[PDB]
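Trainee: task: produce atomic coordinates for the following.
(4 chains)
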Amino acid sequence: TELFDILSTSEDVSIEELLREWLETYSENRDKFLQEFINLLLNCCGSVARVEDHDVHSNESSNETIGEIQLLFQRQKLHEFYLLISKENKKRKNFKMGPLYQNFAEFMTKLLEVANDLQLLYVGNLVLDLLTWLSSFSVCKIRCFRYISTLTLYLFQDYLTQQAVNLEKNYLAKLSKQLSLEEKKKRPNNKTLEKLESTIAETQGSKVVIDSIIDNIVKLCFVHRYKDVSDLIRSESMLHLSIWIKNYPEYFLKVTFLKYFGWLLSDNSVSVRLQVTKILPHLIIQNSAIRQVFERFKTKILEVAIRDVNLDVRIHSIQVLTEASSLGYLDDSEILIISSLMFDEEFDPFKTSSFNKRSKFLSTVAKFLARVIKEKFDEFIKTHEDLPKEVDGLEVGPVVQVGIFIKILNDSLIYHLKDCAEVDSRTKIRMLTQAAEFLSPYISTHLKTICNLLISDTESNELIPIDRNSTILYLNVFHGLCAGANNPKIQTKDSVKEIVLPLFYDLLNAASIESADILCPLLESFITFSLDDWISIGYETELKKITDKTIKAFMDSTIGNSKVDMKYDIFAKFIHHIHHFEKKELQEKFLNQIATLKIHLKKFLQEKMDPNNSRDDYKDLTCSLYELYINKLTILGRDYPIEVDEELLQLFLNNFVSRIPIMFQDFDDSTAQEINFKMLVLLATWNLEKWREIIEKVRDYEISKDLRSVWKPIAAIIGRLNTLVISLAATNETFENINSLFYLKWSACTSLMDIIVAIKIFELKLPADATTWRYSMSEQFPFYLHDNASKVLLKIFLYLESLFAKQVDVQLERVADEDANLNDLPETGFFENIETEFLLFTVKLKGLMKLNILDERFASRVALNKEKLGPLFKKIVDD
Amino acid sequence: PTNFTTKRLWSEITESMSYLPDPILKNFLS
DNA sequence: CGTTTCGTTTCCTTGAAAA
DNA sequence: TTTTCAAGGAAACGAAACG
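Mentor: Numbers count the residues shown, from 1 in each chain, chains lettered A, B, ... in the order given. What follows is the structure:
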């Protein structure tokens, strides 16, 4: 077979110039065409079975001729599909996708373009042979021959409708006008009449022949091959139907022929719905006749768009729903069912900046919502009359297009929150922002007016952002859109940067910021604006006063822990971005406010926490102490160092830390959570770096002999923490305080381990020439960790391990002489997560063990349950 | 999914343990 | 260690809309 | 009838799992 040698490997070759040879030689040799025709199809199935000329010449006995080559494949072991895998993969199989999928399909698609030249199509009799052979070739149980036979049939069906429409519009309809000009008036040519009638008869009969072929293939091949068992065959049956429907509209564009799509809309296979929903939007491009299909299957489309098995089908389902809502086939009640899809129950499963699987879904839903927005926008203008004026001149576009947008998102939220269980507002804001991120490109030019809506000095009437609960959602939507505007696309971002930036000062001055729900999104927006996003606008003048307007609210209001209040994270991210600005005007403001807060704390400790007071309300004063002063300085010391003169520290570590036991009896389980020793480790880690900066003065000029006096504050801090830990070690274990007591001890141990690790890092990172500093460090520091605080550390390790085991229900093996009474452990409202806050403590303990600070029995006790608690613990054990 | 959390451990530790950018890059051993 | 499978980014081709 | 933008797909580099 020489034909397959010039077909499977030839890439850049002429397709039409090779068909004329066989078309003209079939009249010469009748048995040489079908032989090499059938062998070519058999080459792709993967077999050495061949058909001889005397076999293919038996046209009447087609079933037996195809069946005698069938046993040569059933009893054959080694066989692979050379065509299918080459189509699916180009770089994998030996055959590439080039010479076996492009020219291969072009050979059957352009097969009838050459038949009209040599007059072999109408002669006819050569056409019936293929209809006889391929009909019986495409009804077998083996999955090899059926696919290629049905595909060869559909490839000719592709060009059938093409040439039908071509002859209908460029031949018959064109000769009709010539025949119309040869009637009027009183002048028949007669010579040309008998030519016109013959040509028109040919054009009308060729269409009947083509329609007969089409009806044959639709009757015996299409009806039986859309219920097939294979997914690829069933999908290829529907793929090429789009061509026939797009081309020939007389015998295809009907209601009885569009029922197969609504049929296979809910198919058992997965790859069928994909092609179905990819083809469906092409039908609505053309447009009573088609409306009757959607009017009946739109509920099925809703089912597929919402609760489908596969995730890649809903995308194209909503793509169809896009044009559905465009043409108005969808009712107002059915829009709310798809609008709430912007709030899927999955919270951040993949990613956002990389445009993952969760991105395309929300993008398609926003594309759908845009059409509904525009529909209601254009429909509301004609129903109600427009007043002459508004704010300034006439804002006919954005005002109406945003005013209705407020109802849309809130109703979409309520429709999905009425069904699912109630969640807190913190879980609502995140989902609303995840949704509003993708709405940025669709309200990119109108958002200019949204800012002016927040300064509601002007008014407008409504026939038939006011209150605070509405302005909250207003701000959250706007500032979610702001953050989402930076990731997708280009050019649509810098315009908004230049437009919306200056109004931030007016936003702060107009809307009061007493509650934190007002402060959350306003400062969430500020994060996505850097130096280039503020200098290129020409409004770096207002940033100076913006920082002060934020500082006033930071100083006035009280800020609690991050577990209860949200202002903690807000101001933390704010200060971090302001520090990453790196501008000297901004640092001095925060430093001055640090000094002011330090003076306020000093005067607070002088009389409020004075040890000469008879007030037994430590529970009421400790909360105020940690909210008004301590947490603020702990947040500010993140990026702006804080220093404390030893007088304030010795009036603090005396009146507070060395006084906690005689206060703990009044403490409840909510005040104890607020207490965190993250500030006493800040004071050390800043005086442990301000001296590493002095080591950088060896290569300069101009020690002061304060090395003994230098370690005094840090030594006092570590000694007070050790004393507090050992004093909390002796406490009554009643059920009321057994949680707060252990939480306090855990926090103290965490801060102490941080301080000890930092000091032992500083001592080892020193060069060998600095001996007079090693002497002072080994003289002024008698103990880094007292041996009783080590027992307390072991107690906390135990406690956390036993809570982990109580959660995982696995018994713990430990030494005999031990407080085994704490194996059944109480409920704990301090530790929201017990897997993380336990492995963190384990990591800290292992880091201490590496520095030869803890004994070896400690290492033996720590690694006793390396097999019970999974591989994460053995990772710490070995590595 | 609950037992196998190897990559999450680094992120959780580096988040919960650190609250200052400058001292952490010099007081956190390798 | 090296492989293998999956996810990401960039470029190329085809199609869809407007002048 | 031609031009431009976008959308889908393929190639290539990278990451994570896996053996």
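
Trainee: please count neighbours and contacts with C-alpha atoms only from this point.
Mentor: Fine.

Trainee: mind listing what the residue nearest the centre of chain B touches?
Mentor: With distances taken as C-alpha atoms, centre = their mean, the residue of chain B nearest its centroid is residue B:14 (1.7 Å). If a contact means C-alpha atoms under 8 Å, 6 or more residues apart in numbering or on different chains, then residue B:14 has no contacts.

Trainee: same check on residue A:748?
Mentor: A:676, A:677, A:721, A:725.

Trainee: the closest residue to DNA strand C within the stretch 301-450 of chain A - how many residues pack around it?
Mentor: Closest contact between the stretch 301-450 of chain A and DNA strand C, by C-alpha to the nearest atom of the strand, is at residue A:354 (4.2 Å). Using other C-alpha atoms under 10 Å in any protein chain shown, residue A:354 is surrounded by 10 other residues.

Trainee: and it, which of the three is it?
Mentor: For residue A:354, the assignment made with DSSP: H, G, I helix; E, B strand; the rest coil gives coil.

Trainee: could you check how far it is from residue A:523?
Mentor: 25 Å (C-alpha to C-alpha, to the nearest Å).

Trainee: so what's the residue of the stretch 401-550 of chain A found nearest chain B up against?
Mentor: Nearest to chain B in the stretch 401-550 of chain A, going by C-alpha to the nearest C-alpha, is residue A:527, at a distance of 17.2 Å. Listed by C-alpha under 8 Å, 6+ apart, the contact set of residue A:527 reads A:573, A:574, A:577.

Trainee: excluding chain neighbours, what is closest to the first one?
Mentor: The shortest distance from residue A:573 to any residue other than its chain neighbours is 7.5 Å, reached at residue A:527 (C-alpha to C-alpha, 6 or more residues apart in numbering or on different chains).

Trainee: interface residues of the stretch 751-879 of chain A facing chain B?
Mentor: Applying C-alpha under 8 Å from any C-alpha of the partner chain, one finds that the stretch 751-879 of chain A approaches chain B through A:757, A:758, A:761, A:762, A:836, A:840, A:870, A:871, A:872.

Trainee: ok, then the element right after the strand or helix carrying the third one?
Mentor: Meaning residue A:761. According to DSSP states H and E, residue A:761 maps onto helix A:738-764. Helices and strands here follow DSSP H and E; after helix A:738-764, the next one along the chain is helix A:771-780.

Trainee: just the buried residues of that following helix, please?
Mentor: When burial is assessed from 16 or more other C-alpha atoms under 10 Å in any protein chain shown, helix A:771-780 yields the following buried residues: A:774, A:776, A:777, A:780.

Trainee: ok, so of those residues, who is nearest DNA strand C?
Mentor: For the buried residues of helix A:771-780, the nearest to DNA strand C is residue A:774 (40.7 Å; C-alpha to the nearest atom of the strand).

Trainee: ranges for the strands of chain B?
Mentor: Assigned strands in chain B: none (criterion: DSSP state E).

Trainee: for it, which segments count as helices?
Mentor: B:7-17, B:21-24 (DSSP state H).

Trainee: hmm, the shortest one in reach of chain A?
Mentor: Yes: judged by C-alpha under 8 Å from any C-alpha, helix B:21-24 comes into contact with chain A through B:21, B:22, B:23.

Trainee: output that helix in CSV with nothing but the alpha carbons.
Mentor: Only the C-alpha atoms of helix B:21-24 are listed here, as CSV (Å, rounded to 0.1, in the frame of the first residue of the first chain):
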residue,chain,number,x,y,z
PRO,B,21,11.0,42.2,60.3
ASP,B,22,14.5,43.6,61.0
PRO,B,23,15.4,41.6,64.2
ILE,B,24,14.0,38.3,62.9
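
Trainee: what is the burial count for residue A:386?
Mentor: 10.

Trainee: ok, now residue A:767?
Mentor: The burial count for residue A:767: 10, using other C-alpha under 10 Å.

Trainee: circling back to that earlier point, measure the residue nearest to the centre of chain B to residue A:348 for me?
Mentor: 20 Å.

Trainee: repeat for residue A:433
Mentor: Residue A:433 is 11 Å from residue A:348, by C-alpha to C-alpha.

Trainee: tell me which of those two has more neighbours.
Mentor: Between residue A:433 and residue A:348, residue A:433 has the larger neighbour count (other C-alpha under 10 Å), namely 22 against 11.

Trainee: what sits up against the strand or helix carrying that one?
Mentor: Using DSSP H and E, residue A:433 falls within helix A:425-436. With contacts defined as C-alpha under 8 Å, 6+ apart, helix A:425-436 is touched by A:342, A:343, A:347, A:362, A:476, A:477, A:478, A:479, A:480, A:481, A:484.

Trainee: distance to DNA strand D for the buried residues of helix A:771-780 - can I get that in CSV?
Mentor: Below are the buried residues of helix A:771-780 laid out as CSV (distance: C-alpha to the nearest atom of the strand, whole Å):
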residue, distance to DNA strand D
A:774, 42
A:776, 45
A:777, 42
A:780, 46
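
Trainee: what's the farthest-apart pair in those residues?
Mentor: A:774 and A:780 (10.1 Å; C-alpha to C-alpha).

Trainee: what does chain B put close to chain A?
Mentor: Taking C-alpha under 8 Å from any C-alpha as the contact definition, chain B meets chain A at B:3-6, B:9, B:12-13, B:19-23, B:27-29.

Trainee: give me the buried subset of those residues.
Mentor: By 16+ other C-alpha under 10 Å, the residues of chain B next to chain A give B:13, B:19, B:20, B:23, B:27 as buried.

Trainee: from the residues you listed, which is closest to DNA strand D?
Mentor: Of these, the one sitting nearest to DNA strand D (C-alpha to the nearest atom of the strand) turns out to be residue B:13, at 17.0 Å.

Trainee: show me what contacts that closest one?
Mentor: With C-alpha under 8 Å, 6+ apart, residue B:13 has these contacts: residue A:840.

Trainee: again, but for residue A:839
Mentor: Residues near residue A:839 by C-alpha under 8 Å, 6+ apart: residue A:873.

Trainee: again, only this time at 10 Å
Mentor: A:797, A:800, A:801, A:804, A:845, A:872, A:873, A:876, B:9, B:12, B:13 (C-alpha atoms under 10 Å, 6 or more residues apart in numbering or on different chains).
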